[PDB]
Amino acid sequence: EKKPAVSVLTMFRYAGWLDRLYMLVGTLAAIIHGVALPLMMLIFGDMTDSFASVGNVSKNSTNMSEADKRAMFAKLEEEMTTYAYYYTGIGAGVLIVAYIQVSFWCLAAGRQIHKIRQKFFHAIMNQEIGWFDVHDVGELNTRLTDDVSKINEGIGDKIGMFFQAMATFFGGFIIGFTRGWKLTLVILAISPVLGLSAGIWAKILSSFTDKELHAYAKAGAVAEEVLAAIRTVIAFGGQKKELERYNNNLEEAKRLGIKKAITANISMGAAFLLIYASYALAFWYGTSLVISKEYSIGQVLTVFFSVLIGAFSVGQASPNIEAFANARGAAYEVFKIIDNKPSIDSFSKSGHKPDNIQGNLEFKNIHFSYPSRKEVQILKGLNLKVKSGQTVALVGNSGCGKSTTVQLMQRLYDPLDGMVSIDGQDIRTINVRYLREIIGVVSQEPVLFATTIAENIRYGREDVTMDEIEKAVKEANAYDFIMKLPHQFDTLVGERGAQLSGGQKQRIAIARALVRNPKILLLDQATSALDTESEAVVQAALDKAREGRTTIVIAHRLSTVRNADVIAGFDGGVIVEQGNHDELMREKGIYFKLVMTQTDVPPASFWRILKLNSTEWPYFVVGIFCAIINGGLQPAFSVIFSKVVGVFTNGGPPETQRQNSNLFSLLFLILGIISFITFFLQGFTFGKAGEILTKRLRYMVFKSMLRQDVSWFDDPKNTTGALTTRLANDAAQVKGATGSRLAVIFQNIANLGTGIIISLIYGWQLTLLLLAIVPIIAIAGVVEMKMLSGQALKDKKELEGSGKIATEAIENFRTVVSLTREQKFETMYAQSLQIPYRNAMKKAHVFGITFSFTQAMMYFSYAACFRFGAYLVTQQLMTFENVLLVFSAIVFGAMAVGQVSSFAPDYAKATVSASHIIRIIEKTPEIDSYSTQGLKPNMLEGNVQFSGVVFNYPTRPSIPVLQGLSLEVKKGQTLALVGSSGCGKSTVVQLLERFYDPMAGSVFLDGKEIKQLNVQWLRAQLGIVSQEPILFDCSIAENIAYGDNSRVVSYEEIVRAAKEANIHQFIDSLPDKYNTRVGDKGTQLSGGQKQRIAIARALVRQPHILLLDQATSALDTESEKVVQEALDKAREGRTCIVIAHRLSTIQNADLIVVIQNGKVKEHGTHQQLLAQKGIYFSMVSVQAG
């Protein structure tokens, strides 16, 4: 894959001359700060020479008593005044420089973003409507705030840190070469061995990464299928069969998880070894160059560090490039849109603006193809005139052609041939905005914007008085309902506010269009989406709106049409018949045939989580052990480094300097080996311990999830997706809080513990300073991580309003362009953006300081140590060796916990990720579907009885559905439930299923409380048939046999059921018979066919009760009669409850219940409820008239 990017020099367009200056001045700061630490190493070298030169004089030979004490020691006291003044000089310059660096870079980036957001949005509001047709709008809106957020990374402070790291790369390799070149070319011969070893593992870790996501993708697919189809899963008791499918694919990603877990800790210790190796090689060789009196001890300690800093400076500039290249890439998809210019420019000011429009309309030889499907011609040779003040209705067979006419007169596409003219004038020769200002449009579905009614109306024309609104709302027939709304004209509508009916929204849409006082009216099914009641007021308001306006109406009710002055009949893009109603009727053509048919804050305990991995404590014991050793190797190195430098700085004979130096030099590879061993074993024991824990926890969750009752899966929070996430990554992210947390804390304790102890005895005065100040500098790195994050919320929350505005505008682009308010939303966007602008321009001032005062308290405090430590050698109270054994035992050890803590997984993100897992496991349901107790008799009667049932849904607890609902179905009878639309009718089926218990009342089965019968054996004798039958991606054999689980389904037993479902004959005429894969992968089945399969699945069980809920909810007319045949077969001598919405099934039923407000208003046979002349009578009358 090769994703494009922008040329670097392009991408900084929109950068003003002041931004070109800030980036320059800020860079010069970054270069200075870069070389500023190499100087700290040069002095640190020349400081040990000053100590080494005298450290062995006052000891070895006792020449003078106090004329040697004061001589050498009053020399150091004057030498160290300068080295301390030198150190403090850096921190002063750092404090200034570091501020200018991040100040000026974040500033110049911010100034550029605010100029990008506005230009990018405007670019989107300037596109064509065929431009929106081809593109996916969803990713476009996220591209407004994600891609613009991907650029601000790679132009902000991330550059200032890069030129810093490069200024150290060259600043560091400079000092090494000019102070001694043998040592460096030794090291730079090894750094290719390490630059190679580093990149290799990232190629091998990425290998075992993508292979893992394809391992769980099998398991996580079974997960998604179940939890969408859970209603079918519980109703057929396959809660364990689905646990095994999810499990038998769950071992793949475990074994693969180990090849990542081992090879990750190999990669750690492998490169952790090559540091300890190249340390000895550079010190073994470095000691041999001071023995021959070429270098001093101060020379080596400069050069070895000033290389490794500059050499490690690359790895710190790796991501700052990658973030800059991510910014180039995201900036391409955006800058393309800004530089794209349309043919139909909704912003240009080109064409005429003719006054006194008659509105003669002429279509001439129009040919047209849409641009998403340019292979299909829509119109061929289409011709037609509208005379001033006339109404034109367009009729004809189903097609997009009629609306295409309406879309071309808006000029939202440019026809392929022919010409659309107004008063003799080509519509492509006037201006676009003037055109649409004279044109109103009432679309099929009305868009209301989330504002007040006044503002929704004012979108039509922003200079309007409340008087003028009042006239229009009247004309649209919306005034009386508005006066009855709670805040009248200020009531808030849209997606956020009070819901208006369909009829009321359209009259508002009509009022919006009326304010425009256009000369032409276009209506595209303004009455389709409305029942005959709501429609009458709307037709009256439409009919009002047409007076003296030129009108083309896409009509759905025929009676509305007969008031038109002329009818055009369309067939295949071509006007076949044209005339008044009687002419086309007389023609007995197309038109005639038509008109005579229509007549989350859980704090889990650290110990609770640890117990989850307790089954594998032997893995844990070892990992603790190696976590102590590896935590002890750091204070070892602080000695073996000190004991080396001690030789050359405290006193010794040059007869022992060989064996002491070379010994300690090879104790590094002792330490280096022990590093590699304790890591390969730490991540082999704590590694499997985690990859076990995931697999065992993903199972225990998914098991515990199917145990839950239906009220849980009804919740808004436990949607089928948020459960797959919780089951997939949150289940795995736990292991960063069981073993990996012990490995940290045992290392961290074993590191700072044993290093505090040692430094205290070798000299306690220096330590109480350092362990008092390490608290200070350690704090500072946290508050930066906090306020970098706590500030991330503020600026990025204030952007949601700015982003929500744009969301409202893109999601209804076809609407707003017809209102020509592309500019209004642009202004609304910019004004909202002025807050995160002014906040960000103070932000860089802050992070300028938090970055400045971090480095100043470190460079200053570097003097307060090597000053205090120096006075301890002046006063003959401590040696220079013991200082280095204190300094590099606290500092390099306090630096160790950070290098540990930043590697290990985010502990906070893992605990809360785990606390949710325990809750999803420890939850026990109201309805233990898994249970084993319950009566389960041999009594196959099947008398059903509801007594005074009272029930509310706990998802929607305030609503009543059933109050005192009582009703019996006697053995073998069919009962039909009828009544007004409501969940009361449907609820009876879910309570007999027992997906929920009732709050009060009782459901009995043969005289027995269902709360006392096994949940599995209640549901085992119930065959459910839902509206939309859910089929599993699987063979026909599996989908039908799924109904009777734990059962020996034979070829014989399946086929008799398919006979009685009436599908047998259909199976035998198609390929591969009963083995056919069904779903999206396989032959796609129709709507009608699927339901017939659901009946067959229920038939195999041969249950005593059949539950039919709103079945036949489809339009396949022939299929419908097939279903009813199978159903009459399926009903035979079985106890049946049918939720009937279509009336004809009910006539042959043995008993009918009419339900209203939880209460059984009436009942009887078909004939008896009719002759009562009550509620049932009212419903049935609607069908025949």
# chains A, B, ... in the order shown; residues from 1 in each chain; ligands from 1
>>> residues_around(residues="residue 389 (chain A)", least_positions_apart="6", cutoff="7 Å", atoms="only C-alpha atoms", output="JSON, numbers by chain")
{"A": [548, 549, 550]}
>>> select_by_dssp(residues="region 381-504 of chain A", states="strand (DSSP E or B)", output="PyMOL selection string")
chain A and resi 381-386+391-396+417-422+425-426+430+439-442+452+492
>>> residues_around(residues="region 844-857 of chain A", least_positions_apart="3", cutoff="9 Å", atoms="only C-alpha atoms", output="NGL selection string")
:A and (88 or 90-107 or 110 or 776-777 or 780-781 or 783-784 or 787-788 or 840-841 or 860-862)
>>> write_last_selection(atoms="N, CA and C atoms", output="CSV table (one decimal), in the first residue's frame")
chain,number,residue,atom,x,y,z
A,88,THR,N,25.1,26.5,36.2
A,88,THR,CA,24.0,27.4,36.4
A,88,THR,C,23.8,28.3,35.2
A,90,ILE,N,24.0,27.4,32.1
A,90,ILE,CA,23.2,26.6,31.2
A,90,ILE,C,21.7,26.7,31.5
A,91,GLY,N,21.3,26.4,32.7
A,91,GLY,CA,19.9,26.4,33.1
A,91,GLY,C,19.3,27.7,33.0
A,92,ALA,N,20.1,28.8,33.1
A,92,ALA,CA,19.6,30.1,32.8
A,92,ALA,C,19.2,30.3,31.3
A,93,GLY,N,20.2,29.9,30.5
A,93,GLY,CA,19.9,29.9,29.0
A,93,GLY,C,18.9,29.0,28.6
A,94,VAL,N,18.8,27.8,29.2
A,94,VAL,CA,17.8,26.8,28.9
A,94,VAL,C,16.4,27.4,29.1
A,95,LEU,N,16.2,28.0,30.3
A,95,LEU,CA,14.9,28.6,30.8
A,95,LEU,C,14.4,29.5,29.7
A,96,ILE,N,15.2,30.4,29.2
A,96,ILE,CA,14.8,31.3,28.1
A,96,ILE,C,14.6,30.5,26.9
A,97,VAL,N,15.6,29.8,26.4
A,97,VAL,CA,15.5,29.1,25.1
A,97,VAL,C,14.4,28.2,25.0
A,98,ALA,N,14.2,27.3,26.0
A,98,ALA,CA,13.2,26.3,25.9
A,98,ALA,C,11.8,26.9,25.8
A,99,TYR,N,11.6,28.1,26.5
A,99,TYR,CA,10.3,28.8,26.3
A,99,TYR,C,10.1,29.2,24.9
A,100,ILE,N,11.1,29.8,24.2
A,100,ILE,CA,10.9,30.4,22.9
A,100,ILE,C,10.6,29.2,21.9
A,101,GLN,N,11.2,28.0,22.2
A,101,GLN,CA,11.1,26.9,21.2
A,101,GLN,C,9.6,26.5,21.1
A,102,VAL,N,9.0,26.0,22.2
A,102,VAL,CA,7.7,25.4,22.2
A,102,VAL,C,6.6,26.5,22.1
A,103,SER,N,6.9,27.7,22.7
A,103,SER,CA,6.0,28.8,22.5
A,103,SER,C,5.8,29.1,21.0
A,104,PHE,N,6.8,29.3,20.2
A,104,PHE,CA,6.7,29.8,18.9
A,104,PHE,C,6.2,28.8,17.9
A,105,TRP,N,6.5,27.5,18.1
A,105,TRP,CA,6.1,26.5,17.2
A,105,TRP,C,4.6,26.1,17.4
A,106,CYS,N,4.2,26.0,18.6
A,106,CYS,CA,2.7,25.7,18.8
A,106,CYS,C,1.9,26.9,18.4
A,107,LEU,N,2.5,28.1,18.5
A,107,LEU,CA,1.8,29.3,18.1
A,107,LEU,C,1.5,29.3,16.6
A,110,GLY,N,-1.0,26.8,15.6
A,110,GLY,CA,-2.4,27.2,15.9
A,110,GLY,C,-2.9,28.2,14.9
A,776,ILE,N,11.1,16.1,43.9
A,776,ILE,CA,10.7,17.3,43.2
A,776,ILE,C,10.7,17.1,41.7
A,777,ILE,N,11.8,16.6,41.1
A,777,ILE,CA,11.8,16.5,39.7
A,777,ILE,C,11.0,15.4,39.2
A,780,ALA,N,7.5,16.8,38.7
A,780,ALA,CA,7.3,17.7,37.5
A,780,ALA,C,6.9,16.9,36.3
A,781,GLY,N,7.5,15.8,36.0
A,781,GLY,CA,7.2,15.0,34.9
A,781,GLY,C,5.8,14.4,34.9
A,783,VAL,N,2.9,16.2,36.5
A,783,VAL,CA,2.0,17.4,36.3
A,783,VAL,C,2.0,17.8,34.8
A,784,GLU,N,3.1,17.7,34.1
A,784,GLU,CA,3.1,17.9,32.7
A,784,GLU,C,2.3,16.9,32.0
A,787,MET,N,-1.4,18.0,33.1
A,787,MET,CA,-1.9,19.3,32.4
A,787,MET,C,-1.8,19.2,30.9
A,788,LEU,N,-0.9,18.4,30.4
A,788,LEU,CA,-1.0,18.1,28.9
A,788,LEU,C,-2.3,17.4,28.6
A,840,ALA,N,-6.1,28.4,22.7
A,840,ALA,CA,-4.8,27.8,22.2
A,840,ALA,C,-3.7,28.8,22.2
A,841,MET,N,-4.1,30.1,21.9
A,841,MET,CA,-3.0,31.1,21.9
A,841,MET,C,-2.5,31.4,23.3
A,860,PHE,N,19.9,23.4,36.8
A,860,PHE,CA,20.3,24.1,38.1
A,860,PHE,C,20.6,23.1,39.1
A,861,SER,N,19.7,22.1,39.3
A,861,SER,CA,19.9,21.1,40.4
A,861,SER,C,21.1,20.2,40.1
A,862,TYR,N,21.5,20.2,38.8
A,862,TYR,CA,22.8,19.4,38.5
A,862,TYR,C,24.0,20.0,39.2
>>> residues_around(residues="region 1013-1021 of chain A", least_positions_apart="5", cutoff="6 Å", atoms="only C-alpha atoms", output="JSON, numbers by chain")
{"A": [929, 933, 934, 935, 993, 1103]}
>>> closest_residue(among="A:827, A:879, A:720, A:1112", to="residue 224 (chain A)", atoms="only C-alpha atoms")
A:720
>>> residues_around(residues="residue 713 (chain A)", least_positions_apart="4", cutoff="10 Å", atoms="only C-alpha atoms", output="PyMOL selection string")
chain A and resi 227-228+230-231+705-706+708-709+717-720+723+955
>>> residues_around(residues="residue 578 (chain A)", least_positions_apart="5", cutoff="12 Å", atoms="only C-alpha atoms", output="ChimeraX atom specification")
/A:383-385,392-396,565-571,583-587,589-591
>>> write_last_selection(atoms="N, CA and C atoms", output="short mmCIF file (atom, residue, chain, number, x, y, z; two decimals), in the first residue's frame")
data_model
loop_
_atom_site.label_atom_id
_atom_site.label_comp_id
_atom_site.auth_asym_id
_atom_site.auth_seq_id
_atom_site.Cartn_x
_atom_site.Cartn_y
_atom_site.Cartn_z
N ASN A 383 -39.35 16.68 -23.69
CA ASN A 383 -39.77 18.01 -24.14
C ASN A 383 -41.09 18.34 -23.45
N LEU A 384 -41.29 19.63 -23.13
CA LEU A 384 -42.38 20.07 -22.24
C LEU A 384 -42.25 21.54 -21.84
N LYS A 385 -43.36 22.29 -21.93
CA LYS A 385 -43.44 23.70 -21.54
C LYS A 385 -44.43 23.90 -20.39
N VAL A 392 -48.41 21.96 -13.25
CA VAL A 392 -48.05 20.75 -14.00
C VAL A 392 -47.83 19.55 -13.09
N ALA A 393 -48.62 18.50 -13.26
CA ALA A 393 -48.43 17.28 -12.49
C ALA A 393 -47.70 16.31 -13.42
N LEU A 394 -46.66 15.66 -12.91
CA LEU A 394 -45.91 14.63 -13.63
C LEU A 394 -46.33 13.26 -13.11
N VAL A 395 -46.77 12.38 -14.03
CA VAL A 395 -47.20 11.02 -13.74
C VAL A 395 -46.45 10.01 -14.60
N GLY A 396 -46.53 8.74 -14.19
CA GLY A 396 -45.86 7.63 -14.85
C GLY A 396 -45.30 6.57 -13.91
N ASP A 565 -53.96 22.07 -14.28
CA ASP A 565 -54.22 22.60 -15.61
C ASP A 565 -53.69 21.72 -16.74
N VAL A 566 -52.72 20.84 -16.47
CA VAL A 566 -52.17 19.96 -17.50
C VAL A 566 -51.41 18.82 -16.83
N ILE A 567 -51.49 17.65 -17.45
CA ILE A 567 -50.86 16.43 -16.96
C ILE A 567 -49.88 15.97 -18.03
N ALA A 568 -48.67 15.60 -17.60
CA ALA A 568 -47.70 14.95 -18.47
C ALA A 568 -47.53 13.51 -18.01
N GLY A 569 -47.67 12.58 -18.97
CA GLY A 569 -47.43 11.18 -18.75
C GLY A 569 -46.06 10.72 -19.21
N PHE A 570 -45.25 10.24 -18.27
CA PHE A 570 -43.87 9.86 -18.57
C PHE A 570 -43.74 8.35 -18.60
N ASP A 571 -42.99 7.89 -19.60
CA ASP A 571 -42.67 6.48 -19.78
C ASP A 571 -41.27 6.49 -20.36
N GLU A 583 -58.82 13.96 -21.22
CA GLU A 583 -58.13 13.51 -22.43
C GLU A 583 -57.36 12.22 -22.17
N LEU A 584 -56.57 12.17 -21.10
CA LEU A 584 -55.75 10.98 -20.86
C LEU A 584 -56.63 9.79 -20.50
N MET A 585 -57.72 10.05 -19.77
CA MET A 585 -58.73 9.02 -19.49
C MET A 585 -59.36 8.53 -20.79
N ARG A 586 -59.80 9.47 -21.63
CA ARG A 586 -60.31 9.13 -22.96
C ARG A 586 -59.31 8.29 -23.73
N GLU A 587 -58.02 8.61 -23.62
CA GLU A 587 -56.99 7.88 -24.36
C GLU A 587 -56.97 6.41 -23.95
N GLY A 589 -54.98 5.05 -21.97
CA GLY A 589 -53.58 4.68 -21.94
C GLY A 589 -53.03 4.40 -20.56
N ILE A 590 -51.84 4.94 -20.31
CA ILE A 590 -51.11 4.74 -19.06
C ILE A 590 -51.83 5.38 -17.87
N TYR A 591 -52.06 6.70 -17.95
CA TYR A 591 -52.77 7.43 -16.91
C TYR A 591 -54.12 6.83 -16.54
#
>>> residues_around(residues="residue 189 (chain A)", least_positions_apart="3", cutoff="12 Å", atoms="only C-alpha atoms", output="ChimeraX atom specification")
/A:182-186,192-196,278,281-282,307,311
>>> select_by_dssp(residues="region 239-301 of chain A", states="alpha helix (DSSP H)", output="mmCIF file with N, CA and C atoms, in the first residue's frame")
data_model
loop_
_atom_site.group_PDB
_atom_site.id
_atom_site.type_symbol
_atom_site.label_atom_id
_atom_site.label_comp_id
_atom_site.auth_asym_id
_atom_site.auth_seq_id
_atom_site.Cartn_x
_atom_site.Cartn_y
_atom_site.Cartn_z
ATOM 1 N N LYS A 241 -24.560 -24.102 23.109
ATOM 2 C CA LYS A 241 -24.038 -24.434 21.786
ATOM 3 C C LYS A 241 -23.252 -23.267 21.201
ATOM 4 N N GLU A 242 -23.720 -22.039 21.434
ATOM 5 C CA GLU A 242 -23.009 -20.854 20.976
ATOM 6 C C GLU A 242 -21.781 -20.545 21.826
ATOM 7 N N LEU A 243 -21.729 -21.048 23.060
ATOM 8 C CA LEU A 243 -20.525 -20.885 23.862
ATOM 9 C C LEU A 243 -19.384 -21.719 23.294
ATOM 10 N N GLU A 244 -19.695 -22.874 22.699
ATOM 11 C CA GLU A 244 -18.653 -23.767 22.208
ATOM 12 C C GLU A 244 -18.116 -23.319 20.854
ATOM 13 N N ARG A 245 -18.982 -22.792 19.982
ATOM 14 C CA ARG A 245 -18.492 -22.184 18.748
ATOM 15 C C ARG A 245 -17.548 -21.030 19.060
ATOM 16 N N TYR A 246 -17.939 -20.169 20.005
ATOM 17 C CA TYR A 246 -17.079 -19.055 20.385
ATOM 18 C C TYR A 246 -15.789 -19.533 21.041
ATOM 19 N N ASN A 247 -15.802 -20.713 21.660
ATOM 20 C CA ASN A 247 -14.631 -21.221 22.360
ATOM 21 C C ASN A 247 -13.713 -22.014 21.445
ATOM 22 N N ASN A 248 -14.275 -22.863 20.583
ATOM 23 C CA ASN A 248 -13.458 -23.675 19.689
ATOM 24 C C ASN A 248 -12.691 -22.847 18.664
ATOM 25 N N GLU A 252 -7.033 -20.223 18.996
ATOM 26 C CA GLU A 252 -6.088 -19.794 17.970
ATOM 27 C C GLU A 252 -5.332 -18.541 18.404
ATOM 28 N N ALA A 253 -6.053 -17.488 18.792
ATOM 29 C CA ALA A 253 -5.411 -16.243 19.200
ATOM 30 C C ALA A 253 -4.665 -16.333 20.528
ATOM 31 N N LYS A 254 -4.769 -17.440 21.272
ATOM 32 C CA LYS A 254 -3.957 -17.602 22.479
ATOM 33 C C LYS A 254 -2.536 -18.024 22.113
ATOM 34 N N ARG A 255 -2.406 -19.157 21.405
ATOM 35 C CA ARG A 255 -1.095 -19.668 20.996
ATOM 36 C C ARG A 255 -0.327 -18.616 20.214
ATOM 37 N N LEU A 256 -1.043 -17.848 19.400
ATOM 38 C CA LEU A 256 -0.441 -16.744 18.671
ATOM 39 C C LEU A 256 -0.061 -15.614 19.621
ATOM 40 N N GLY A 257 -0.862 -15.398 20.665
ATOM 41 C CA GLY A 257 -0.530 -14.411 21.678
ATOM 42 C C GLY A 257 0.750 -14.710 22.435
ATOM 43 N N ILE A 258 1.156 -15.981 22.506
ATOM 44 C CA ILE A 258 2.390 -16.341 23.201
ATOM 45 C C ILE A 258 3.606 -16.065 22.326
ATOM 46 N N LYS A 259 3.547 -16.421 21.039
ATOM 47 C CA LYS A 259 4.657 -16.114 20.144
ATOM 48 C C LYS A 259 4.938 -14.616 20.083
ATOM 49 N N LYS A 260 3.942 -13.777 20.392
ATOM 50 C CA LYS A 260 4.178 -12.354 20.608
ATOM 51 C C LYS A 260 4.717 -12.076 22.010
ATOM 52 N N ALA A 261 4.221 -12.789 23.025
ATOM 53 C CA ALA A 261 4.611 -12.482 24.400
ATOM 54 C C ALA A 261 6.070 -12.845 24.660
ATOM 55 N N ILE A 262 6.502 -14.012 24.186
ATOM 56 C CA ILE A 262 7.900 -14.417 24.320
ATOM 57 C C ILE A 262 8.791 -13.483 23.508
ATOM 58 N N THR A 263 8.564 -13.433 22.194
ATOM 59 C CA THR A 263 9.403 -12.682 21.267
ATOM 60 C C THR A 263 9.414 -11.183 21.557
ATOM 61 N N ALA A 264 8.495 -10.681 22.382
ATOM 62 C CA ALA A 264 8.556 -9.287 22.803
ATOM 63 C C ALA A 264 9.593 -9.090 23.899
ATOM 64 N N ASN A 265 9.686 -10.040 24.829
ATOM 65 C CA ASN A 265 10.647 -9.951 25.921
ATOM 66 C C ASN A 265 12.028 -10.449 25.512
ATOM 67 N N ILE A 266 12.112 -11.278 24.468
ATOM 68 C CA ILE A 266 13.390 -11.484 23.791
ATOM 69 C C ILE A 266 13.897 -10.155 23.254
ATOM 70 N N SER A 267 13.025 -9.420 22.556
ATOM 71 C CA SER A 267 13.417 -8.141 21.974
ATOM 72 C C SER A 267 13.868 -7.155 23.039
ATOM 73 N N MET A 268 13.251 -7.194 24.219
ATOM 74 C CA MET A 268 13.700 -6.366 25.329
ATOM 75 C C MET A 268 15.122 -6.761 25.701
ATOM 76 N N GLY A 269 15.284 -7.981 26.227
ATOM 77 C CA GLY A 269 16.570 -8.403 26.757
ATOM 78 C C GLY A 269 17.666 -8.488 25.714
ATOM 79 N N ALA A 270 17.301 -8.743 24.455
ATOM 80 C CA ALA A 270 18.293 -8.773 23.385
ATOM 81 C C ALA A 270 18.981 -7.422 23.251
ATOM 82 N N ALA A 271 18.199 -6.360 23.080
ATOM 83 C CA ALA A 271 18.768 -5.023 23.028
ATOM 84 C C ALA A 271 19.209 -4.531 24.402
ATOM 85 N N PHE A 272 18.629 -5.054 25.486
ATOM 86 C CA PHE A 272 19.113 -4.695 26.816
ATOM 87 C C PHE A 272 20.492 -5.297 27.079
ATOM 88 N N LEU A 273 20.849 -6.371 26.361
ATOM 89 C CA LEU A 273 22.176 -6.982 26.425
ATOM 90 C C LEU A 273 23.218 -6.186 25.656
ATOM 91 N N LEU A 274 22.875 -5.738 24.448
ATOM 92 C CA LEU A 274 23.817 -5.024 23.596
ATOM 93 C C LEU A 274 24.178 -3.642 24.122
ATOM 94 N N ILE A 275 23.427 -3.098 25.077
ATOM 95 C CA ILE A 275 23.900 -1.913 25.785
ATOM 96 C C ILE A 275 24.999 -2.313 26.757
ATOM 97 N N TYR A 276 24.717 -3.307 27.603
ATOM 98 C CA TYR A 276 25.702 -3.824 28.545
ATOM 99 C C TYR A 276 26.930 -4.416 27.854
ATOM 100 N N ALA A 277 26.805 -4.853 26.599
ATOM 101 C CA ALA A 277 27.962 -5.335 25.849
ATOM 102 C C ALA A 277 28.821 -4.170 25.373
ATOM 103 N N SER A 278 28.237 -3.267 24.581
ATOM 104 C CA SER A 278 28.984 -2.130 24.053
ATOM 105 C C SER A 278 29.442 -1.167 25.144
ATOM 106 N N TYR A 279 28.924 -1.291 26.366
ATOM 107 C CA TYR A 279 29.495 -0.557 27.491
ATOM 108 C C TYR A 279 30.896 -1.062 27.812
ATOM 109 N N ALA A 280 31.054 -2.382 27.934
ATOM 110 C CA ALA A 280 32.352 -2.952 28.285
ATOM 111 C C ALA A 280 33.374 -2.716 27.186
ATOM 112 N N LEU A 281 32.992 -2.987 25.937
ATOM 113 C CA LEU A 281 33.907 -2.814 24.817
ATOM 114 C C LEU A 281 34.434 -1.386 24.755
ATOM 115 N N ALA A 282 33.581 -0.406 25.055
ATOM 116 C CA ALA A 282 33.993 0.990 25.039
ATOM 117 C C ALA A 282 34.747 1.402 26.296
ATOM 118 N N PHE A 283 34.590 0.669 27.403
ATOM 119 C CA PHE A 283 35.311 0.959 28.643
ATOM 120 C C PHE A 283 36.589 0.134 28.769
ATOM 121 N N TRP A 284 36.534 -1.147 28.396
ATOM 122 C CA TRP A 284 37.742 -1.965 28.299
ATOM 123 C C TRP A 284 38.768 -1.304 27.388
ATOM 124 N N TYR A 285 38.317 -0.831 26.227
ATOM 125 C CA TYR A 285 39.189 -0.124 25.301
ATOM 126 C C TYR A 285 39.473 1.289 25.793
ATOM 127 N N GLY A 286 38.527 1.892 26.517
ATOM 128 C CA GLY A 286 38.739 3.223 27.055
ATOM 129 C C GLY A 286 39.716 3.268 28.211
ATOM 130 N N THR A 287 39.772 2.202 29.016
ATOM 131 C CA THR A 287 40.757 2.148 30.094
ATOM 132 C C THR A 287 42.166 1.968 29.537
ATOM 133 N N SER A 288 42.311 1.216 28.445
ATOM 134 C CA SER A 288 43.631 1.012 27.865
ATOM 135 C C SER A 288 44.191 2.278 27.227
ATOM 136 N N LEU A 289 43.358 3.297 26.987
ATOM 137 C CA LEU A 289 43.799 4.569 26.424
ATOM 138 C C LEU A 289 44.099 5.630 27.480
ATOM 139 N N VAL A 290 43.839 5.358 28.760
ATOM 140 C CA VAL A 290 44.235 6.257 29.844
ATOM 141 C C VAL A 290 45.469 5.671 30.528
ATOM 142 N N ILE A 291 45.618 4.342 30.486
ATOM 143 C CA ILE A 291 46.810 3.702 31.043
ATOM 144 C C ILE A 291 48.059 4.191 30.318
ATOM 145 N N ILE A 297 40.862 10.638 32.721
ATOM 146 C CA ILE A 297 39.567 10.064 33.070
ATOM 147 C C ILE A 297 38.448 11.025 32.689
ATOM 148 N N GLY A 298 38.709 12.332 32.735
ATOM 149 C CA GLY A 298 37.697 13.293 32.334
ATOM 150 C C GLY A 298 37.419 13.277 30.849
ATOM 151 N N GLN A 299 38.414 12.908 30.047
ATOM 152 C CA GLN A 299 38.221 12.862 28.604
ATOM 153 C C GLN A 299 37.246 11.753 28.223
ATOM 154 N N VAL A 300 37.502 10.531 28.701
ATOM 155 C CA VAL A 300 36.640 9.387 28.387
ATOM 156 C C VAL A 300 35.194 9.682 28.767
ATOM 157 N N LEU A 301 34.968 10.151 29.997
ATOM 158 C CA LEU A 301 33.601 10.296 30.490
ATOM 159 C C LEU A 301 32.828 11.346 29.702
#
>>> atom_distance(atom1="CA of residue 405 (chain A)", atom2="CA of residue 501 (chain A)")
29.0 Å
>>> closest_residue(among="A:340, A:733, A:724, A:56", to="residue 123 (chain A)", atoms="only C-alpha atoms")
A:340
>>> closest_residue(among="A:892, A:479, A:459, A:73", to="residue 634 (chain A)", atoms="only C-alpha atoms")
A:892
>>> closest_residue(among="A:905, A:156, A:687, A:972", to="residue 1133 (chain A)", atoms="only C-alpha atoms")
A:972
>>> closest_residue(among="A:1077, A:936, A:1008, A:557", to="residue 1037 (chain A)", atoms="only C-alpha atoms")
A:1077
>>> atom_distance(atom1="CA of residue 435 (chain A)", atom2="CA of residue 526 (chain A)")
21.5 Å
>>> atom_distance(atom1="CA of residue 1084 (chain A)", atom2="CA of residue 1029 (chain A)")
14.3 Å
